[PDB]
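[1] Please find the sequence and an experimentally derived structure below.
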There are 2 protein chains.
Amino acid sequence: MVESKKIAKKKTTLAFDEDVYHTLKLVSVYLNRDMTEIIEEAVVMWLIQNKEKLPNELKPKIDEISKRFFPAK
Amino acid sequence: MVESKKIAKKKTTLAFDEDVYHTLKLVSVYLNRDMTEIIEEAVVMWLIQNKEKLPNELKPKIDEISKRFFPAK
């Protein structure tokens, strides 16, 4: 919850859709979830799987994650 | 073509922050990345590492990703 009875949430805006919206398509269908549920479920899962076990060797890879997430052709 | 306006990033909104913003706190600090940068770098990174190799045996784990995303109960 992190609020009282119902889980709190705020309208958050981002700038993407080309890849995220298209990718959200397979995940949404394959995960039977919404682009928000997927992105919001993937986001946390990332931090959770990264932070919770944030290795010293992966530290620099964090850059790879952000610099690779947005590939260029 | 209608690129940029059609084939490009679009301002996407999601109703969250309670958990995502709080979680984005460790990631943003540990990753020195803004929430949008992390949520957007995590999203792609998630699909990239998960979707790109979305296994049939992992299907059930997807529930874990959801039930785990909210570590309260």
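    Okay, I see it. Numbers count the residues shown, from 1 in each chain, chains lettered A, B, ... in the order given.
[2] ok, the residue positioned nearest the centre of chain A to residue A:73 distance?
    Geometric centre of chain A, nearest residue: residue A:43, 2.6 Å, by CA atoms, centre = their mean. The gap separating residue A:43 from residue A:73 is 26 Å, by CB to CB, to the nearest Å. For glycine as for every other residue, the C-beta is placed from the backbone atoms N, C-alpha and C.
[3] what ranges do the helices span in chain A?
    A:18-30, A:35-50, A:61-69 (DSSP state H).
[4] helices or strands up against the second one?
    Translated: helix A:35-50. Counting contacts by 3 or more CB pairs under 8 Å, 6 or more residues apart in numbering or on different chains; DSSP states H and E, helix A:35-50 is packed against helix A:18-30, strand B:11-15, helix B:18-30, helix B:35-49, helix B:61-69.
[5] does chain A sit close to the shortest one?
    Read it as strand B:11-15. Yes - on the criterion CB under 8 Å from any CB of the partner chain, strand B:11-15 is in touch with chain A at B:11-15.
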